[PDB]
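Undergrad: Structure provided below as structure tokens; questions to follow.
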Amino acid sequence: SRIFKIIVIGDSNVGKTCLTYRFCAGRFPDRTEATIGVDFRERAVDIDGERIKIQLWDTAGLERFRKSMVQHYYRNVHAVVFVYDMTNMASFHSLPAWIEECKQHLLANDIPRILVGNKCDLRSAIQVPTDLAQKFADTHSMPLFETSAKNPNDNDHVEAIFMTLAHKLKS
Amino acid sequence: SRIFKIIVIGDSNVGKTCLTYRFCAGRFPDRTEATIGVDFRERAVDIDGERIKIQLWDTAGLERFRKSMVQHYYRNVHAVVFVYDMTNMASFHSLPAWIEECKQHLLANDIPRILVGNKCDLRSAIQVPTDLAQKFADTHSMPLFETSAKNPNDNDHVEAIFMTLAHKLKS
Amino acid sequence: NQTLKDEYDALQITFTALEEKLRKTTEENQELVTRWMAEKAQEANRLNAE
Amino acid sequence: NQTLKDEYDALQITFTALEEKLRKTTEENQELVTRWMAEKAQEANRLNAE
Ligand SMILES: Nc1nc2c(ncn2[C@@H]2O[C@H](COP(=O)(O)OP(=O)(O)OP(=O)(O)O)[C@@H](O)[C@H]2O)c(=O)[nH]1
Ligand SMILES: Nc1nc2c(ncn2[C@@H]2O[C@H](COP(=O)(O)OP(=O)(O)OP(=O)(O)O)[C@@H](O)[C@H]2O)c(=O)[nH]1
Ligand SMILES: [Mg+2]
Ligand SMILES: [Mg+2]
């Protein structure tokens, strides 16, 4: 059973833990706290008949709780998922910093990188326009996915996202 | 595949971590901190031809680090090892309290219990006389073992102590 | 007098702010210790099941 | 105003003492945080083997 490592990078309080828990546990977490270091969640899936273990790494977003773990993140990493909060423009402006962190730790441009905006269910408080995030996603050659861990009503359900990423990884 | 649970009870700074680490890792731990919750240490042995997994639980001694774990200690316990510091009379006087805790949580008064005095290599600072601890050990029907995690030098070697207790348990 | 009064008043403000930073740090310690307990408790239940 | 002057001094003394306690508490924060990182790092290395 081949295992694929997918790390989830992003600012603090953007919803990394809720997205990974949504994919692995199949349900929205009723209570979460600040992730310390990493938080490992695994899920077995059947892609094209082959049984694959997807290994999501819920990285930390607080600098004091991740400063020592960065190179453990980017070792034998197979896919990278950047996350921003659609109701927080400041978390979007921090994406160049995270992409710098990724490029400095990786010399190979063969691995899939995707950009994900969370909390789209809060339609009244969305701050990042879809066109701006798309224009940025296109600049760094990444696909954009606007979704919600809690209620993505007709808006790019989370499992479809990670299944797409794993499906691309199997090829 | 049999696993025997052996808990290590005692005050703080008596050497629970160093004794369990001495039995499982065969060496004295250099740099040690206060044990938080439990430290689980396992070692496989072949007793009378049968393979047995000894699971030592390095319990905490500080009340702030063990108040919520007390009943996790005393479930399916097979043997209990009481530890006091031979260079600290106060840790010896606290043994009746641990025996009461052991009485209140256990419900079978037959499981093997042993008494161990640690740090006997510091012969210049020993405070608990051997006869006093022996008399107490006899009162509660326990064997007394005076030893040292840092250097068993011709005095109740640690290997002999835990092997004796496990060799009892196979019966 | 005036000059003594504002000096002390500024020190009072710094004192209060400094207390709050001690409060945050103690909160963070309690968070860490109690969360560690949740970790070891789950591990304990796993092993007691076997 | 001499009563204000010594009153100030006492607050300064208490302020310094408070700094000392906040230093120890921050030390204990680093003690805890680093220990969490050690546990998480080992778990990472175990998982990086597969
Ligand atoms: N409305 C809404 N809130 C969400 C959604 N996803 C996550 N949240 C909220 O985000 C908050 C915390 O999110 P986390 O998953 O802990 O974010 P995190 O990335 O793990 O944060 P760090 O571990 O500190 O880096 C909680 O208040 C969640 O309710 C969502 O899809 N919709
Ligand atoms: N000389 C000597 N010192 C020892 C021995 N065993 C432990 N120590 C010292 O005891 C101190 C801490 O002992 P620990 O093993 O951490 O005691 P503990 O039960 O784990 O303490 P808590 O975890 O807080 O309950 C360190 O300073 C060790 O060097 C020993 O056998 N001989
Ligand atoms: Mg998190
Ligand atoms: Mg200990």
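Swiss-Prot numbering applies to chain A: residues 31-201, in that order.
Going by what the header records, the deposited coordinates were determined by X-ray crystallography, 3.5 Å.
Cβ from N, Cα, C; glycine included.
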Undergrad: Looking at Swiss-Prot, A:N43, A:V44, A:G45, A:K46, A:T47, A:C48, A:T62, A:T65, A:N148, A:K149, A:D151, A:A179, A:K180 are annotated for GTP. Which of A:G79, A:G91 sits in that same site?
TA: A:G91
Undergrad: Can you tell which of A:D41, A:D76, A:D78, A:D88 Swiss-Prot lists as binding Mg(2+) with A:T47, A:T65?
TA: A:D88
Undergrad: Using Cα coordinates, what distance in whole Å links A:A179 (GTP binding site) and A:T65 (Mg(2+) binding site)?
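TA: About 17 Å separate the Cα atoms of these two residues.
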Undergrad: To the nearest Å, how far is the Cα of A:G45 (GTP binding site) from the Cα of A:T65 (Mg(2+) binding site)?
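TA: A:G45 (GTP binding site) and A:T65 (Mg(2+) binding site) have their Cα atoms 11 Å apart.
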Undergrad: Mind telling me which of the binding-site residues A:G45, A:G91 has the densest Cβ neighbourhood, counting other Cβ atoms within 10 Å?
TA: A:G45
Undergrad: Among the binding-site residues listed here (A:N43, A:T47, A:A179), identify the one with the smallest other-Cβ count within 10 Å.
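TA: Comparing Cβ neighbours within 10 Å for the binding-site residues A:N43, A:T47, A:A179, A:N43 has the fewest.
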Undergrad: Tell me whether A:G45 (GTP binding site) sits in a helix, a strand or coil according to DSSP.
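TA: Going by the DSSP assignment, A:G45 (GTP binding site) belongs to neither helix nor strand, so it counts as coil.
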